[PDB]
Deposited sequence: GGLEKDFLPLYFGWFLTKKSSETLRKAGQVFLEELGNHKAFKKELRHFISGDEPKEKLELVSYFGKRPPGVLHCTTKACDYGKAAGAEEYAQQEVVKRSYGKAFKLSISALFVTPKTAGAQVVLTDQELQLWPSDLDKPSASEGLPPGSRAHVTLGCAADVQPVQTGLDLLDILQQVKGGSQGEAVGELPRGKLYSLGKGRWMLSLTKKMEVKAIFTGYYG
């Protein structure tokens, strides 16, 4: 049968680099003037919110960028995906993932991945498309999950990214400057840190089993 899901799994060095950059982002963001102002939109609670604790559910080991969730063949289009020539040829193969930004929402915290044309060939085209993936180029959903809220599923991270990229589609001024780049407030608890320099992480395309 098929793996739980295919994707690019970052090396140990790469994962810790991206992970630590994610922690710094949550710490810096939670301290920023603009975020403390929009706490009412980020949280309908009830005085500083520690975002690193908020996104308490983090990936236990190495970070990864998902391509296609298969659930051992139980997912729609799973069989059709794994039997592609490029998928079979790319299995166990080395890739560099380009991180363009870090983003935060009331549900998830993650990193936007800008896939190359070679890597876009590995992105699935199953018919059941998220409606937020429309008007945007394919592979826009590509991401690395950094953290989730208690009752949130990691699948949500992609949905949040697509929802964010619909807003940007463009935009106005940045509301602040962080050491790595410009910070944008997209409203409704949504934040995007556009990196001045895009991070490059090495990863291996393969299949993960439970």
property: Chain regions without C-alpha coordinates, deposited sequence numbering; result: 1-6, 53-55, 179-180
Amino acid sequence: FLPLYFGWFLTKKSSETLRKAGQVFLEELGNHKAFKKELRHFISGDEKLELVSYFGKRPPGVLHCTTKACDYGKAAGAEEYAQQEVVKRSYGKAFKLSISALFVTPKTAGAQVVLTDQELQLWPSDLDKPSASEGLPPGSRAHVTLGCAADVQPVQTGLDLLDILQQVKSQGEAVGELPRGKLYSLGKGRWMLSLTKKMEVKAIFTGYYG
From here on, numbers count along this sequence of modelled residues.
query: Residue stretch of maximal mean CA temperature factor, 142-150 vs 179-187; finding: 179-187
query: 158-166 versus 36-44 - greater average Cα B-factor per the deposited record; finding: 36-44
query: Deposited CA B-factor, highest of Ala75, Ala109, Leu127, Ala82; finding: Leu127
query: Peak C-alpha temperature factor (PDB record), options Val62, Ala174, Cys70, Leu29; finding: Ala174
query: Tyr208 - Cα temperature factor, lowest/middle/highest third of chain; finding: lowest
query: CA B-factor placement of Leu102, once the chain's modelled residues are sorted into thirds; finding: lowest
query: Cα B factor band for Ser133 (lowest, middle or highest third within the chain); finding: highest
query: Chain-relative CA temperature factor third for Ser90; finding: lowest
query: Among modelled residues of the same chain, the CA temperature factor third for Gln118; finding: highest
